[PDB]
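Bear in mind that the values in this text are calculations on the coordinates, not laboratory data. We place every Cβ from the backbone using ideal geometry, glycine too, and count neighbours over all the protein chains shown.
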Amino acid sequence: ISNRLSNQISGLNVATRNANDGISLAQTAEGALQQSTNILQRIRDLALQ
Amino acid sequence: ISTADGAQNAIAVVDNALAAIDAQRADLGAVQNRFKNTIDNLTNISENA
């Protein structure tokens, strides 16, 4: 049970890494879409002008 | 591994596969117990003889 269990623990650590990399990825997507958002707001403003 | 579809299926491989190593290490550990018990009776047969 200790070999399988240890292997599980290691997989869990790697999963912490992978999930956190996912948070950072989705963060990048968020920021890029903040800028596209600000732009498309701006384009709306020009249509209103 | 390089392909993702191989990344997960890999885990299936090494999962059913790793536990054969440990199935052996189990068996052999038991065999070492069998040795020790065998010896413990053995030196008794020696002393009684």
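So which trypsin sites (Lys or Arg not before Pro) in chain A are both in a DSSP loop and have at most 11 other Cβ atoms within 10 Å of their Cβ? Kindly include the intermediate steps, with their values, before the conclusion.
Details: sites: A:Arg4, A:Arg17, A:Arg42, A:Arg44; in loops: none.
Sparse-neighbourhood loop trypsin sites (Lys or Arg not before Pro): none present.
The stretch between B:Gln24 and B:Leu42 holds 3.9 nm of extra length on full extension. This uses 0.36 nm per residue minus the Cα-Cα distance. Helix B:4-48: angle to the longest alpha-carbon principal axis of chain B, degrees 0 to 90, nearest 10? Helix B:4-48 and the main axis of chain B meet at about 0 degrees.
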